[PDB]
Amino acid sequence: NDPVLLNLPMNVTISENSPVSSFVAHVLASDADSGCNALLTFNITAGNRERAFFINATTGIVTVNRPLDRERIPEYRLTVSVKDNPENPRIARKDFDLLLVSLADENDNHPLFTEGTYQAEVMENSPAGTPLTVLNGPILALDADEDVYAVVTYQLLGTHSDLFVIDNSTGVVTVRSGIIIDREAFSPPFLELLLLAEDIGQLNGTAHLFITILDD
């Protein structure tokens, strides 16, 4: 008959930060079917995108071969082959099956605001809950990580930040209650604030928020 892959098909999760030559899997085989017990050669025949993986041809150990990135290629479908090496290379008896490599998400990305500087305006005397008018799209930071490491919370900083509240989940900025804004109070009538976006690993990004206080 044939040699046999014993532990394939197999699913394994490794860190997207697994360094080059770190262990991924040990592929096991037997040639007890045909009863020959001939010497076995392993190889990866398909799915090996940019040769990100390396299989030791005598031991069947699969190692990381290039830097990995869940954000670039999150999953590999590797076809592993085992063959005997008889005098004629067409007597060659073979078996083929799948080693599926999932990359577990590492927190290697930080929240990036959609703008370096947001341009905003608030009318003086505006009541509590009045949102900023933000003229370059909504306040938004995006974190490229998968799910848990991509949840963003927002804070607002600088002198006269206390006139406003930020929803620490949506990034929406509103006038704080008990505060009414007098344009004549401010020299100049123009605030330079800092927006801060943080993931649960405390990796953050920042953006300027420039606010014109308008007349009425």
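Position 1 is the first residue in the sequence shown; the rest follow in order.
A.B. asks: Could you check which stretch, 139-147 or 78-86, carries the larger mean CA temperature factor in the entry?
C.D. replies: Per the deposited B-factors, the answer is 78-86.
A.B. asks: Select between 58-66 and 161-169 the stretch whose C-alpha atoms have the higher average B-factor in the entry.
C.D. replies: Mean C-alpha B-factor is greater for 161-169.
A.B. asks: Sorting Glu121, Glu124, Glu115, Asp108 by Cα temperature factor from the record, which one lands on top?
C.D. replies: In the PDB entry, the greatest C-alpha B-factor among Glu121, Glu124, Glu115, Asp108 is found at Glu124.
A.B. asks: Using the entry's values, work out which of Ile179, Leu156, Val152, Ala52 has the largest Cα B factor.
C.D. replies: Of the candidates given, the C-alpha B-factor peaks at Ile179.
A.B. asks: Against its chain's modelled residues, does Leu214's Cα B factor rank lowest, middle or highest third?
C.D. replies: Its C-alpha B-factor belongs to the highest third of this chain's values.
A.B. asks: If you rank every modelled residue in this chain by C-alpha B factor, which third holds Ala92: lowest, middle or highest?
C.D. replies: According to the entry, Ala92 has a C-alpha B-factor in the chain's highest third.
A.B. asks: How does the C-alpha B factor of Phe42 compare with the rest of the chain: lowest, middle or highest third?
C.D. replies: Its C-alpha B-factor belongs to the lowest third of this chain's values.
A.B. asks: Would you mind checking where the Cα B-factor of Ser18 ranks among the modelled residues of its chain, as the lowest, middle or highest third?
C.D. replies: According to the entry, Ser18 has a C-alpha B-factor in the chain's middle third.
A.B. asks: In terms of the chain's CA B-factor thirds, is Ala32 lowest, middle or highest?
C.D. replies: It belongs to the highest third of the chain when residues are ordered by C-alpha B-factor.
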